[PDB]
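The chains carry the letters A, B, C, D, E, F and G, assigned in the order they are written, with residues numbered from 1 in each.
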Amino acid sequence: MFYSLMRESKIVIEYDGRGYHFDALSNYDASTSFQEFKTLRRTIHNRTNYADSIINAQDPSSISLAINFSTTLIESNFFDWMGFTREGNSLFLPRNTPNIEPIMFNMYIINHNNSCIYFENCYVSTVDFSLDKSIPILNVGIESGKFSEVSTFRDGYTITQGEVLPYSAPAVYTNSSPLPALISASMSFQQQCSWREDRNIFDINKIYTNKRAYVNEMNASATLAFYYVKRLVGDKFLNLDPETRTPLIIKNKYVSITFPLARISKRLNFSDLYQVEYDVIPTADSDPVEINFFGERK
Amino acid sequence: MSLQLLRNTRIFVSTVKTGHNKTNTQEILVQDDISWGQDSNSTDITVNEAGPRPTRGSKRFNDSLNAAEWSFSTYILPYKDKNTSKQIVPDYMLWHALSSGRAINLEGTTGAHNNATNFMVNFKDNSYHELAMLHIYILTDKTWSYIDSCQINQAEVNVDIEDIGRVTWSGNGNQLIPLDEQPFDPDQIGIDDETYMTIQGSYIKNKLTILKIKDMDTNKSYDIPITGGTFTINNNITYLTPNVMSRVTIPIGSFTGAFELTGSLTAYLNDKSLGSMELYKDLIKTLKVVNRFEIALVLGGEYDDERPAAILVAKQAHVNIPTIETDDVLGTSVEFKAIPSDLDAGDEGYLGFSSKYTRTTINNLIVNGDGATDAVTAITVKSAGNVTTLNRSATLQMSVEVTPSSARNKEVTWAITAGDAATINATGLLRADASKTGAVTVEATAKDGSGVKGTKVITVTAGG
Amino acid sequence: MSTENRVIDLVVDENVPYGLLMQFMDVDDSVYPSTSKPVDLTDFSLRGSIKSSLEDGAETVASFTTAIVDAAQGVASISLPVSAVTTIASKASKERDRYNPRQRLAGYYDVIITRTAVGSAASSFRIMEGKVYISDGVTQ
Amino acid sequence: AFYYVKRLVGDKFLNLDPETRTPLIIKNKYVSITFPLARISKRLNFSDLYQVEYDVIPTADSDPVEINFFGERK
Amino acid sequence: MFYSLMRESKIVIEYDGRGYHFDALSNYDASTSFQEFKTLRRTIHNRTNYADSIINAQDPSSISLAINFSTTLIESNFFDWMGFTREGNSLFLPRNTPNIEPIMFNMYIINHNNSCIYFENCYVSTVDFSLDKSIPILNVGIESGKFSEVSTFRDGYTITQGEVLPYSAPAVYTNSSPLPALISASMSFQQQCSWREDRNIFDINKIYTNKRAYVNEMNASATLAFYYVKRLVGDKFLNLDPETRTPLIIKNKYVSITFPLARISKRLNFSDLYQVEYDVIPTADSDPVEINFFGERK
Amino acid sequence: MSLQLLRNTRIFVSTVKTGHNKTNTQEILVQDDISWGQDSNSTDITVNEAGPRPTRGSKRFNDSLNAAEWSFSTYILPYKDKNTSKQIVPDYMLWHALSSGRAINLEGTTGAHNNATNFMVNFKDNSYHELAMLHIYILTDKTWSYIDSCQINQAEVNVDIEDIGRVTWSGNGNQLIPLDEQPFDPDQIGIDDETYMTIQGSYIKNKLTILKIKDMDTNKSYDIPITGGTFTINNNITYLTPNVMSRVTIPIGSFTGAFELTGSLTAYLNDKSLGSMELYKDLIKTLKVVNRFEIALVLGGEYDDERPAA
Amino acid sequence: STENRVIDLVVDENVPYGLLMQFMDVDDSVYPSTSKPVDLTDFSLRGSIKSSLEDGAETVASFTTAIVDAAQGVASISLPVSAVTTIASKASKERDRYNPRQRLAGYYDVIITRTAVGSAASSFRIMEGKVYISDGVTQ
């Protein structure tokens, strides 16, 4: 019979009636499960041994995708679907969350012989990538409400990811002054939604699937790792004091995350070679956080 | 009071531990590199103190016995026996226990089964957790011994040119048991001089090795003169032994792993058409995750007159991206693996042994799966009544003539390739209409996968 | 917004007539909840065929007999007699599958519903598709 | 633990739907645990080769669970 | 610029106005960090995305040193600073904790080019060493309140650790009867202090550093590992019964921890070779626990 | 219809993929041990069941290509060219791509730069994540090929007495590409007979090897006659390749590691003043965590009259 | 639930065989599933035991259908001891893995049928599987 290989698969995200086949996929992980109500009615009459278990709900699925950067920049739609406002090829973090509910979309995981798993009512809840000395890759995390098995599906023949972008060394700046001795710049963006369970007595003897959710908060964060370097005795630029507001940018040849004003906290580790670690979050009154997506030639 | 020499060893392969006859046991002609044995595991318990005057003493316990290891090399020696008049290899039960997990049946169609034309081995029936079970009997000089409940782990075949065709067997057994009494008379069961003469009449020389490789995605046959190679049939059989602290244990049962049919083929780079360089450049230019190649390694060569040969056929093979082997003469390596169409389908590949292969016999073995079943070689398509043209709104039910006249699959399919002025059905009743003023073609191909072409250019006109 | 399931695989039983009936229902999502009214099958005909392969020139194993059961309730039945089941059983692939020797692949099938009239547009519609399997029986 | 295998498109026998009551037996040559009626929950993992995982417990009104111990020759 | 290598460092502890440069240091680990107050003021008016984070306190540092035994016995000052009373070269565990607050001292971690990290208001909170078949080493654990970066420092040119003491096999006695089949004798001493956070409204808009602490308890403990050995059938000396009071001493050629009366609990493990494990603590009315420091020739 | 022999290989080092002239490409005189190629990665997916009648079948997928490997050995052959009258080694761009990540400028003062007296290579400007980028062109008999965007990983120099001064180059490239058409005429770009005579006039013999070692902490020069040695210039360059499940991938970019300049020098023990025994005894008596030595290994020997040397 | 038509019959050597089918119609709309039995009118069952599924296979035996207590739905399928002997004669010599007493004797299936109850021949297969002979010792 037909076995199902992960390497022989195709992941298509269905949004607005168009299929976004996300090629250049390094690895994805997903699971499906059901919720049970198992009670044991041991009584003084009969100290029974057999439980009363009924399957009544579908546990929400947690799908994680690892997607390489591509020249056609389809992967920026994950920021677009997660709530960021768009102007050109740059994504803004809005001052306030636009809507109460996230942007919902369906997703297919295609396989050979018309086999498919249909995740519905999905939303992008996490996107983080590490700019480092290895090829950058953004791990997106979406949560589903209802999963199903379907025969025919949506396959993104045209909308697809192009060639992976060549590696380019990261560099973090303050205005235009470079920060020396970078190790690993990791950026994190989240849409911490929450499912609104509305399982009621009208759903008795039926399988319940989560359908609606609301956004608790959005945020942009970055953890920067440096080597503890000082150029002067009693230096003022490079030290361990906190910085309430400072313009920061984690720049690459193909992407540049901008914090117009940042709150930096420093942490020193007395390891083999001393390392300082930053904790960059935008300030209260900071302008929207920028995320530029340069395909080629900026 | 005697010393035992390795040169006087004689090996018999059996499927039964009693009632040994000529259909259950035969001698296997082995070589110098024969080896067998069984290793044992142990353990040392040592006290590790820290104070002054510490205890410094150990203790050993025998805890388990490993699975018995055996290996030997044999020559590929196809021949026909006088009793049944069917081509058979002397170590045929080894091939069967390698191929399938059912009882041996040479009359069947799966595993090791022979014919009046050739001896064949296919792996279409190896979906078993315990393949056909053998018992290797070892006779060194006077003393007897045997390995209990063996299984054929693998069979190494090394294509070493300027050397004879040889296969190396390896496997494992539950336990090696020394026998004090003779199980069966080795004089009777052992091969006699007549069959020895018949066998030595047929030898397979690795030098005369032609290779037939074709890209199924492009229909491109390559001409690659081999320099040296090897292919393996591997079962990845692992023997399970129980863990008991109080008593030593021997393996109790086994479980076959994943059946792998890999290979490696070295050859020099050729600038000629469809040479090694073209294959290497195509493979490194396509850069495809999956490949569909047809590989037919023919040991012993192909000839019009009868010659011995051993043939490995991989219908849907997977070829790795080649690399250039910089030597005094530049070369390359074509490492391949025979994959099945479906995981639980078997049919990764098959083998055909015989001392009588005409070129047609090996061709129809490659394209039909059996050396006896003939296969179509050429086709010229025929119209209905030797008609050369057609006019608008006229039918043309075309027929076919095939060669040879004894091919098992005489049917063809129908298709239109060049031009759009007619349509054809399953039977071949070509139909046209008005406003058809162009030259249209018709094609036919056989259903046995031979690769035969039937073409005709019909000059359809607008009519008088 | 959801997906359809046009691909359906049928399993027939040898020596037994096979009967499948399809109901076409009009649907809508509005302020009032989902209102469903059966589609009136007038001038609606079906036609299905089975071949052993998708590729052009495939041998026609058999064809399905089409009928309309109830126009008012929008029910149409697509089935084949027992003799057609035997015909398909004869033409099926001989390759068995372990863990269930009964099922064998018979071929591919399609169903088109059409409405042909002088005032009606020449519109066809492939309602389903898939493969046909056979559960071999020993009785009869 | 199984491998996710399907024989048909839209198969009914092998799928991910829960099974309220179904007779199950995990059989060997020397032991056979029998559930006269079982409550099966399925879980699919999108690993290298897709794997489904069952969770078999006896139902409320199921007959007593059997555990046979065959020494030799059943 | 100037990188900071751990191997190129010097740790000097400043007590009473004298610098105790602790050479023969195998390895040390330290970290510095700040405490933040990050709240997100999402309102029905503006469901904001930008937090209100202010750095207001220095998280106390946890410095751990691993120091080899030395011939000049400077390392016994860690017992001296942790609260033990001194007579000659032997350290007593007092019946009662002497003072409410621990003994505070400053510590420097020197590096090249006048680089330094200044830990202040430190106290020794843990000291434990394992007498085993490897070279003994005592891991001390100190907690700081305030860390700082300074240009000039204190460097212990004279007060330094000498040569490491040669290895000598441990041996545990009861009075003078040796206990057979020793595996690993691990000793532990602690001064479980607690920081008294006094952050008040007068420290608003300022960085707060912990300054004062009080001793919750002091204790001396030891875990002894043996092999389960019996010399007689129904032996009385060696068994698994608890021992309410028994004189114990874990003796070496250079150190001897004495429990005048000990409470021993035994634990048997049915491993490859049976092992019994003791849990030695001094009794209620036991005399002060001794810790002798013999440099050479006792 | 022809077989290709390794003896007819010719290697050209280029910094440009087009517009090949005598200042961008020169032939590199290689030896028998030349080797190049590119390996591929794969994977087998096998079903591992436990029941009777289990499925026994595998499947292979090509998933990625490794970085191309190349290596060859060349003789250290300093000489002066007639055009510029400045001492230059024929494989000078190899030295430059080893030394610095900037554009080649022999008139400068960093990396590979020459003079009217000697050719010099210093590593004062190697702080780059991607050193100077080369393209090795391989000509075997008639067919052409080249490795795209190579980087000099290391340069092995073995001081093997009773042998000639030689350096072994190693590196990696993004992809090995076979070329059907001639990129440039190898007759013109290849070295002519006049410069060949000039080069063969100058050879470096490893036997005539004097070593100058001095302890900077004590001001003690030692007289150590060498027996055999080696020193390496290593970049620890690692090539990054992307992981894509649907399509095979080739390396896209690289990143230089830690620049290491190590060595190993064997010599006999001498009881004479400032000999090997004195150095060994001083080193094992001091037992210092750090040492400050000045080492000047002089291949080819030192002489009053003009002699070749590295 | 789903389908469970596949059940294997183990018939005993030298002993007559008789199976008692309590036909039933369970419906799970209400939580305590309805125990309504089907009413056996115009119903006939037919079943043959045939070695292997290939066409032209010889008929090893034929089941003898009994319809009793039509009101409550039960029914009986049986075959005489002579039929048992005929089955055991043609059974294969290879024994089952889990039980060294059973031997594969063939395949079977029983087909319910309505004969013009509403002018319809609504015949469908009830069950199926393999028939196993269990070797006896008494005779």
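The criterion applied here is as follows: a residue touches a chain if its C-beta (ideal position, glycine included) is under 8 Å from a C-beta of that chain, and two chains touch if they have at least 3 such contacts.
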item: Centre-most chain [mean C-alpha coordinates]; value: A
item: Among all chain pairs, the one with the most C-beta contacts; value: B-F
item: Chain of greatest Cα-centre distance to subunit F; value: G
item: Mean-CA-position distance for subunit G and subunit E (Å); value: 80
item: Rounded Å distance between subunit C and subunit F, as computed from the means of their C-alpha atoms; value: 71
item: Separation of mean Cα positions, subunit F and subunit E [Å, integer]; value: 53
item: Subunit A-subunit F separation of Cα centroids, rounded to whole Å; value: 44
item: Multi-chain contact sites of subunit F, meaning residues that touch two or more partners; value: 45, 47, 52-53, 55, 59, 61, 63, 246-247
item: Shared-contact residues (touching 2 or more other chains) in subunit G; value: 97
item: Interface hub residues of subunit D, defined as touching at least two other chains; value: 3, 7, 9-10, 20, 48-49
item: Subunit F residues touching subunit B - in the complex, by the definition given at the top; value: 1-7, 34-40, 42, 44, 46-48, 50-63, 65, 140, 142-143, 176, 178, 246-248, 250
item: Subunit D-facing residues of subunit G, complex; value: 1-4, 28, 97-101
item: Residues on subunit C engaged by subunit D in the complex (per definition of touch); value: 5, 7-9, 11, 97, 100, 103, 130-131, 133
item: Subunit B partner contacts - residues on subunit E that touch it in the complex; value: 131-133, 169-172, 178, 181-185, 227, 272-273
item: Complex contact set, residues of subunit D against subunit G; value: 12-13, 19-23, 27-29, 32, 73-74
